[PDB]
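Chains as they are written, first to last, in the deposited numbering: chain T, 289 to 360; chain M, 4 to 359; chain Q, 2 to 360; chain f, 4 to 132, 156 to 176; chain w, 151 to 338, 383 to 396; chain s, 150 to 198; chain G, 128 to 253.
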Amino acid sequence: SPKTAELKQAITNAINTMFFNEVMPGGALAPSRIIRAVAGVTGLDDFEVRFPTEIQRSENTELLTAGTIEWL
Amino acid sequence: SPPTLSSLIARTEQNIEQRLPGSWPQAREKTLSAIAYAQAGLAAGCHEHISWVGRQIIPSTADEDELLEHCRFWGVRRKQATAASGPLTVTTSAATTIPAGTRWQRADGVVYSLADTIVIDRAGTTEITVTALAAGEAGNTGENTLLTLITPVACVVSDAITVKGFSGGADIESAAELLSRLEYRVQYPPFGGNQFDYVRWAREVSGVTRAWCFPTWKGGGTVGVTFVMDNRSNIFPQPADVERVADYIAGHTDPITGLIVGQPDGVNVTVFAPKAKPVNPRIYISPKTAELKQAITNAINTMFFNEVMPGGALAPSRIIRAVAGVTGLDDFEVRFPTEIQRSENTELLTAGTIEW
Amino acid sequence: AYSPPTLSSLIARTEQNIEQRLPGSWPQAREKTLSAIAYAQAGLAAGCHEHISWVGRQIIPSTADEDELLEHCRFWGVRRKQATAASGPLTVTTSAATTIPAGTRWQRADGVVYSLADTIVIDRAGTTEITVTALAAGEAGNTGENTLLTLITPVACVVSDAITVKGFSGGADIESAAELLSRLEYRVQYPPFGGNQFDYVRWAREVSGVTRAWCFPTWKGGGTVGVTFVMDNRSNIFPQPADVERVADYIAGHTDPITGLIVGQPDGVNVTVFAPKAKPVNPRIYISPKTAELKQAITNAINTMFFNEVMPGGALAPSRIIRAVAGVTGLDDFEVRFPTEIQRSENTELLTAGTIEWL
Amino acid sequence: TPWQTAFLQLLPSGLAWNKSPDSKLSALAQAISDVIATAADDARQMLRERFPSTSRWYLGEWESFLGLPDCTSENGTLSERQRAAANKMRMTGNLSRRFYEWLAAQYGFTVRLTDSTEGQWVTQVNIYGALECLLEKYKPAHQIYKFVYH
Amino acid sequence: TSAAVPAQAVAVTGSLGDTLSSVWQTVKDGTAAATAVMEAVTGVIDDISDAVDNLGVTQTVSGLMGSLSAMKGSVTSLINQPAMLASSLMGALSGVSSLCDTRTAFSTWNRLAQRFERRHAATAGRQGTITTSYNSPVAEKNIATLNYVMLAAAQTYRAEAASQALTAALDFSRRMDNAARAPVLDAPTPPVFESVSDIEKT
Amino acid sequence: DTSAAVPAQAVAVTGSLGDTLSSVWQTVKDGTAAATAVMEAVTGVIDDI
Amino acid sequence: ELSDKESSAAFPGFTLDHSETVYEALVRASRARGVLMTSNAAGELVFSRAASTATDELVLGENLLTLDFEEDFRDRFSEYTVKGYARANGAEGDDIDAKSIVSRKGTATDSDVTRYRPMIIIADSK
């Protein structure tokens with residue numbers, strides 16, 4: 289809801305560290321973890337995660353990585 | 004922001020080198036280095052005392068005694084502790100008069116004295132009221148606390164059993180609570196019937212925890228204050244509580260100056276309790292456990308206590324933050340509260356029954 | 002921190018600091034040239050520690066020196082009170098009924114000048130009492146009983162003599178530190194006084210002269226309140242339109258005498274100040290022993306009862322008048338004849354005792 | 004410098020010690036005493052810091068204790084922050100128009116509370132030559171304010 | 151002398167109590183004189199209670215506050231009996247004195263002296279007035295004597311507190327040694387009575 | 150007595166260090182990297198002791 | 128001489144051991160009452176009261192030929208606790224229970240002695 293540079297940077301860093309912590313090759317990612325990471329910012333008013341509503345999966349040789357986040 | 008010990012050492016050594024040309028005080032185990040370190044230590048001591056002299060200017064960072072002095076100067080008054088009173092059931096043999104001063108002692112040693120003389124002729128067990136002497140939180144006791152008599156009295160049996168427990172004991176407020184009261188006083192300045200003044204007036208009375216004031220409630224001359232209570236079970240107000248809060252706002256005496264202050268005569272307040280507006284959320288959690296149920300209920304309740312007021316709106320993102328704050332669970336999808344909820348000022352939203 | 006280190010401890014620790022960082026070990030008895038430097042450094046440290054302690058004693062206003070307390074008062078808004086003069090009566094006699102100029106001066110033997118700042122014309126040769134205020138600010142200009150004063154500049158048909166049967170009073174010097182601290186704490190701790198039915202009474206009564214006040218809330222419906230004030234010190238008990246305007250102005254705005262901030266009526270409500278209207282009642286009491294003293298006592302008792310138990314919009318039973326008459330106890334037989342019904346009135350009319358007959 | 008002179012005076016007095024203004028004892032004494040001079044200046048600073056009207060380092064604590072950051076505190080000017088803190092710390096008064104004009108003058112503005120035009124409760128504020159929000163926050167509970175600029 | 155001050159303070163308080171009870175007269179229950187006397191006594195008790203409440207920020211003063219509350223509640227009984235009134239008032243003053251340390255005694259007694267002096271001056275400045283003619287003489291006497299006695303007791307207690315503060319300061323000065331000794335590594383009065391001009395002003 | 154002046158100072162030093170730790174410690178309410186790393190540090194200290 | 132309200136409290140019962148001297152009996156009573164018994168300057172018995180006002184001054188410089196200051200702590204304890212038997216003869220025998228007859232206690236604590244140092248005293252009478 290607030291579109292400011294420091295909020296975008298904080299959300300990006302939160303997502304990056306959430307990927308760093310509990311993302312390993314051959315793992316499963318749900319929208320729950322991303323929503324939790326975004327909510328744990330204490331600098332927002334309203335938000336909603338829309339795209340990765342489905343469970344993301346990959347094999348052993350593949351590793352999940354956060355790409356380019358749109359709108360922020 | 005005092006200078007560090009290394010900075011003081013470097014400054015002193017630089018000064019020594021500047022004042023004595025061709026000198027290098029930083030040499031190991033030398034007289035100039037020893038003198039520089041001694042002076043750095045003395046300067047660090049002075050700086051630490053400067054830091055202690057500071058940090059007492061504001062009561063927020065002040066020590067205990069200076070905080071008490073600041074409270075005394077600003078007018079906040081400590082409230083003394085209370086005694087413990089209770090009903091004592093005493094058995095009697097014949098007609099007798101119990102004088103004011105008789106003492107009954109518990110098994111521990113705490114004594115309770117009668118403050119007014121009484122006369123009895125029933126030749127059976129009667130009930131009196133008795134107050135303690137310690138005047139502290141140890142005064143109050145349990146349900147049935149057998150206790151004996153210290154001062155012998157004619158025609159009365161020494162032992163006595165109390166069926167209703169002693170209550171009313173308390174303790175003097177701590178410096179933390181005094182600081183909280185002083186901080187509230189400084190942060191919300193007092194006017195004559197201001198929008199913050201009505202809130203603080205409705206909060207000054209016992210029981211009330213939170214209160215809000217809507218200026219120009221129904222017209223150009225009426226203002227409306229609504230209060231809630233949480234220390235209870237109904238967590239809401241009753242007509243008697245509303246009437247007594249309105250009476251307190253209408254008139255009460257100021258402890259400081261001894262005069263009476265309150266709402267202005269011309270305006271009307273018309274206190275009214277809020278009306279519950281439950282909201283039922285649908286939340287799915289893959290692990291099921293009563294501990295997780297209690298944790299999520301507590302999280303939502305604390306969310307509502309923190310960010311919900313009468314006349315305010317609640318976005319679903321607040322519920323999603325409360326649901327994501329729980330550590331144990333793995334999935335926290337919500338289904339029901341997709342849209343925003345709003346209510347009029349007379350009704351306050353409440354987290355109703357939680358659907359899982 | 003609190004309890005800064007003693008000079009002995011500073012000396013010992015500085016000497017140890019110099020001794021430890023050197024290769025050798027000093028003997029038990031010696032007079033080294035580093036010991037003097039250590040003692041000097043310790044003295045410097047003890048001096049600054051004392052300076053810092055004095056600075057730290059100046060934060061709270063309860064322990065500050067007089068200068069720092071004055072700085073605190075300057076910040077808050079409390080102003081110190083200067084020394085006040087002393088005033089009193091001068092009994093001077095004139096020969097041919099002259100006019101005393103505006104700034105005549107008297108002198109005391111000690112050498113303190115008194116002055117009269119007013120003009121007074123004398124009608125006939127006799128002793129007159131005039132208010133005179135001293136020209137010395139301090140307490141020294143404060144005489145006692147029967148002190149004699151003399152003129153400085155001769156005035157025609159005025160004998161240079163002043164008796165001062167009642168001594169001069171006044172003569173207060175500057176305020177003390179404790180008094181100033183108490184005034185500052187009053188200013189800090191006093192609460193705001195929003196317009197209340199009790200507060201209007203005080204605001205009306207604070208004006209000099211006004212002695213009784215009454216407040217009627219919700220007069221003529223909600224949103225406007227009425228007040229009434231009466232001054233019995235003057236010969237005419239009821240006030241005048243000028244006094245009504247003055248009291249209304251004081252109600253609208255004034256500076257609080259105890260707190261430097263500005264107080265006044267609420268902006269919303271409408272305050273109306275009206276002078277009460279007399280509705281006299283004539284007792285016409287019959288008394289068996291007829292003399293001046295008994296008439297005076299009965300009139301005084303009636304006036305006292307009226308002053309105590311009579312308010313605008315109130316009823317007055319004749320039983321109160323009967324009791325007031327009976328309380329004199331200097332009579333033999335008395336009778337009340339005119340007031341036989343329960344007297345009553347509205348808000349704007351105030352009961353008062355009229356001209357009493359037969360006494 | 005007086006601090007070097009005080010240090011020199013603290014030294015023993017005799018024919019041996021040379022305290023002339025060009026000697027090595029004085030040259031060393033100046034460098035030794037400069038640190039305590041700076042510390043004593045820092046300690047003297049606590050006199051001014053005592054008030055929020057002139058504090059510099061403790062402005063953060065003075066604002067945190069007062070709950071200062073709000074509409075009447077201006078953007079970044081340290082003088083404006085000091086004035087806002089020193090005005091809120093000693094903030095008590097009634098609802099009288101006179102007090103409201105005095106308050107609006109205390110913040111640097113100058114307004115006149117004139118009579119109503121359309122009703123009774125509504126009161127008109129004439130601003131001649156932050157204020158809007160400050161007055162809407164500290165306004166009387168029952169009354170309503172209208173604003174006219176000149 | 152310094153050791154003979156407390157005896158004189160005790161004698162002064164005793165004499166004031168004796169004169170108060172002997173002078174106090176009884177009045178009727180329903181008249182306005184009783185109302186005025188009750189109001190004045192309640193105001194005096196209110197002043198003492200404010201002093202105790204200021205004292206109680208650091209200590210526990212609940213017992214004395216309860217005693218003062220009982221005395222305020224039972225005023226009408228005390229007005230009729232003069233000896234009990236004076237005895238209770240002096241006991242309350244001594245109870246206030248029993249809580250003050252050597253640091254706060256002078257300040258608290260100074261505050262009480264100012265508070266009582268305000269009332270005494272206000273009630274003594276109005277000697278002859280057309281409103282003063284309405285008040286009953288017996289009530290006026292019973293109020294003036296009480297005001298004077300309270301003021302005098304407060305001032306005497308303040309003087310004794312000042313002497314005790316001087317004694318404490320001199321003991322603090324005495325504590326330090328005076329003999330020549332070597333330093334050793336260590337390992338473990384109100385401010386108005388320190389300066390020399392402040393003592394002169396006091 | 151320099152032999153008995155060491156433990157007396159050591160007691161005060163330990164008390165001051167404990168008070169400083171208690172004052173400066175800040176609670177982290179999250180369950181993320183911060184909380185788990187604090188857990189790792191505390192459990193490492195216990196392991197050494 | 129005492130004007131106390133508790134020193135004048137009457138004895139619920141006081142018996143005399145036979146062949147007891149008057150001094151023994153009166154000292155036994157005065158010890159329980161807390162009073163000290165003395166002889167007057169005119170031969171009377173006196174239950175004396177300690178003085179209150181300082182009347183004289185003794186200094187080392189002016190009016191002393193010899194001083195002697197002994198300060199021994201071989202007897203002063205920290206906590207004196209007295210234990211005894213309650214009253215049950217006669218009227219109180221219909222009221223007092225069995226346990227409180229034997230269970231009685233009293234305490235007086237000293238602050239001059241800093242170590243444990245207690246002392247228990249068997250009472251002298253009921």
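Ideal placement from N, C-alpha and C gives every residue a C-beta, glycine not left out.
Fill in: Reduced DSSP category for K291 (chain T) - H, G, I as helix; E, B as strand; rest coil
coil
Practice prompt. List the residues of chain M whose Cβ lies closer than 9 Å to the Cβ of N204 (chain w), in chain order.
Written response: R75 and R80
Item to complete: Taking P102 (chain M) as the query, report the chain G residues whose CB atoms sit under 9 Å from its CB, ordered along the chain.
Response: Here the premise fails: no neighbours, minimum Cβ distance about 14 Å.
Worksheet item: Leaving out five residues before and five after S63 (chain M) in sequence, what residues of the same chain have Cβ atoms less than 8 Å from its Cβ?
Response: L182 and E186
Item to complete: Counting only the same chain and skipping the five closest in sequence on each side, list residues whose C-beta sits under 8 Å from that of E67 (chain Q).
Response: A178
Worksheet item: Just curious, the alpha helix (DSSP H) that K163 (chain f) is in, first and last residue?
Response: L157 to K163
Worksheet item: Which residue from w:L335, w:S389 and w:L296 puts its Cα closest to that of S172 (chain w)?
Response: w:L296
Discussion item. Within 8 Å of any Cβ in chain G, is that where the Cβ of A159 (chain w) sits?
Written reply: no
Fill in: Euclidean distance between Cα positions of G328 (chain Q) and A302 (chain Q)
8 Å
Fill in: Contact with chain w by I175 (chain M), beta-carbon distance below 8 Å
yes
Worksheet item: So is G261 (chain Q) in contact with chain M if we call contact Cβ pairs under 8 Å?
Response: no
Worksheet item: Does the beta-carbon distance from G78 (chain Q) to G261 (chain Q) come in below 8 Å?
Response: yes
Fill in: Bounding residues of the beta strand (DSSP E) (the contiguous stretch that carries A214 (chain Q))
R213 to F217
Item to complete: Would you verify that the beta carbon of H255 (chain M) is, or is not, closer than 8 Å to some beta carbon of chain f?
Response: no
Worksheet item: Between which two residues does the alpha helix (DSSP H) containing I123 (chain M) stretch?
Response: Element bounds for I123 (chain M): not the alpha helix (DSSP H) but the beta strand (DSSP E), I121 to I123.
Worksheet item: What does a CB cutoff of less than 7 Å around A354 (chain M) pick up in its chain, not counting 5 residues either side in sequence?
Response: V282, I303, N304 and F307
Discussion item. Any beta carbon from chain w within less than 8 Å of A178 (chain G)'s own beta carbon?
Written reply: no
Fill in: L152 (chain M), DSSP secondary structure in three states
strand
Discussion item. Using the Cβ count rule (16 or more neighbours within 10 Å means buried), how would you classify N309 (chain Q)?
Written reply: exposed
Practice prompt. Kindly indicate the opening and closing residues of the alpha helix (DSSP H) around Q175 (chain w).
Written response: Neither: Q175 (chain w) is in no alpha helix (DSSP H) and is coded neither H nor E.
Discussion item. Using only the alpha-carbon positions, how far apart do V38 (chain f) and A43 (chain M) sit?
Written reply: 8 Å
Practice prompt. Residues of the stretch 39-57 of chain Q with a CB closer than 8 Å to any CB of chain f: list them in chain order, please.
Written response: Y40, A41, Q42, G44, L45, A46, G48, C49, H52, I53, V56 and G57
Discussion item. With three or more beta-carbon pairs closer than 8 Å as the criterion, would you say the stretch 214-228 of chain Q touches the stretch 283-301 of chain w?
Written reply: no
Discussion item. Taking CB distances under 8 Å as the criterion, tell me whether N309 (chain Q) reaches chain w.
Written reply: yes
Fill in: Test: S346 (chain T) CB closer than 8 Å to a CB of chain M
no
Worksheet item: By DSSP, does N283 (chain M) sit in helix, in strand, or in coil?
Response: coil
Fill in: Interface partners of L11 (chain M) on chain f, CB under 8 Å
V38
Item to complete: Check whether the Cβ atoms of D268 (chain M) and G210 (chain Q) sit closer than 8 Å, and answer yes or no.
Response: no
Practice prompt. Look up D200 (chain Q) in the DSSP assignment and say whether it is helix, strand or coil.
Written response: helix
Practice prompt. Go through its chain and collect everything with a Cβ distance to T128 (chain Q)'s Cβ below 6 Å, but skip five positions before and after it.
Written response: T92 and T94
Discussion item. Using a 10 Å radius around the Cβ and a threshold of 16 neighbouring Cβ atoms, would you call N230 (chain w) buried or exposed?
Written reply: exposed
Worksheet item: Can you list the residues of chain w that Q17 (chain Q) reaches, using a CB-CB cut of under 7 Å?
Response: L335
Discussion item. For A330 (chain w) and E206 (chain G), what's the separation of their Cα atoms in angstroms?
Written reply: 42 Å
Worksheet entry | Beta-bridge partners of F335 (chain Q), as assigned by DSSP | Q:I288
Discussion item. Please list the terminal residues of the continuous alpha helix (DSSP H) segment that includes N129 (chain f).
Written reply: Where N129 (chain f) is concerned, there is no enclosing alpha helix (DSSP H), although the beta strand (DSSP E) it sits in stretches over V125 to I130.
Worksheet item: Which class does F169 (chain Q) belong to by DSSP, given the choice of helix, strand or coil?
Response: coil
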